[PDB]
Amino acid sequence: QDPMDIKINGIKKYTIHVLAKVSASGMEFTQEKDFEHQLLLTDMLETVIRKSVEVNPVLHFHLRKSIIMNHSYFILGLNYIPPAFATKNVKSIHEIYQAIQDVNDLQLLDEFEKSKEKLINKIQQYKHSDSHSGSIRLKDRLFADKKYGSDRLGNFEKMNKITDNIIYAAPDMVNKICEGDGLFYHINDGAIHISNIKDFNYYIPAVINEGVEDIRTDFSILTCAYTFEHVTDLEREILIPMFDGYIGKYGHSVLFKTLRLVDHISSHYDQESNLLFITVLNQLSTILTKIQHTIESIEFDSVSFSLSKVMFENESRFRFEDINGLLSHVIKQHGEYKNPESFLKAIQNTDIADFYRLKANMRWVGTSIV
């Protein structure tokens, strides 16, 4: 029996129910030495298990080794038709475990090459993203560890050299998925249930190389990185994302208005690394000083702040519309932020004084130009 039944009421009523298990791999994902091995086996397992579990009433089966604030987690998910609306009842969590342990080793070998090529292509396409590559190269040098940037989806050389003898590590992975302690999430009847109170202690890498310049020579873009000190949960989850939309997203952003004087602008806050990036496509030399001076002399006002609160609430509401965005939110958020209503209320209760605390804790750390 579960130790608790944390029932969060007032949830949007979905056409399906969801049963998810989140198993903690406490060590930071860079400390895991078999990271590329664990990724490959997990996708192999997911593919084989999916063929056996994704039958009526199960509509979608999910099994991934995901990173949540620089910590590995096994996340098993089951989307299914509710029993009152299904011609067949759903298997229990025990029967799902039994299906995972009944996976045949030849079935895994049949998926080895396809899963390996799938993950290899994800590593390449994620590294081969120019606007993000500037953010990738910055995170590599800012943290002095390629696992936060290039090797975030796995190192290519390590992943490309995996042979099919990885099959012998499948029992270790099956054990970790089935027997490792974790939290159970259950979405049904306009409510989400959590099996226990537990907040995943976040980990944010510290910047080792401060003031990075990526002088890169290539023939036919810029990217600047900023961080924040003394980051609270309110800032990382609400205030800083609002600030990112304020300066480079919400319509007449501060950067679009600033750079239109010169006359293709993007910005994004990376919660995993606590880094706010700014990417803009000779003329880039004047834009560099123009962007720096704009962030240094950034100002706010309560009228436009109230609009950023409304916009960010609606963006959060749109994520809650998706049953997976709702589930991911309830998994990741701490304490009362798990409740979407509390999270939305926390957005509504922010004030402009919070932005001036954030501005005082903001600083530049890196720039990448190609």
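All residue numbers refer to positions in the sequence shown, first residue = 1.
Where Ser297 is followed by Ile298 in the displayed chain, the model omits none of the deposited residues that would sit between the two.
A chain break between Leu281 and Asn282 is present, corresponding to 1 to 3 residues of the deposited sequence without coordinates.
The deposited model assigns a higher average Cα B-factor to 25-33 than to the other stretch when 25-33 and 336-344 are compared.
Look at the mean CA B-factor for 66-74 and for 308-316 in the entry; the higher one is 66-74. Across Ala191, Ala86, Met159, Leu288, the greatest Cα temperature factor reported in the deposited entry is at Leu288. Between the residues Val207, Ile167, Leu153, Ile96, it is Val207 that shows the highest Cα B-factor in the PDB record. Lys114: CA B factor lies in the middle third for its chain, per the PDB record. Sort the chain's modelled residues by C-alpha temperature factor and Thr227 lands in the middle third, per the entry. Placement of the Cα temperature factor of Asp270 within the chain: middle third of the modelled residues, per the deposited record. Annotation for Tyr202: C-alpha temperature factor in the highest third relative to the rest of the modelled chain, per the entry.
In the PDB entry, a CA B factor belonging to the highest third of its chain's modelled residues is recorded for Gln124.
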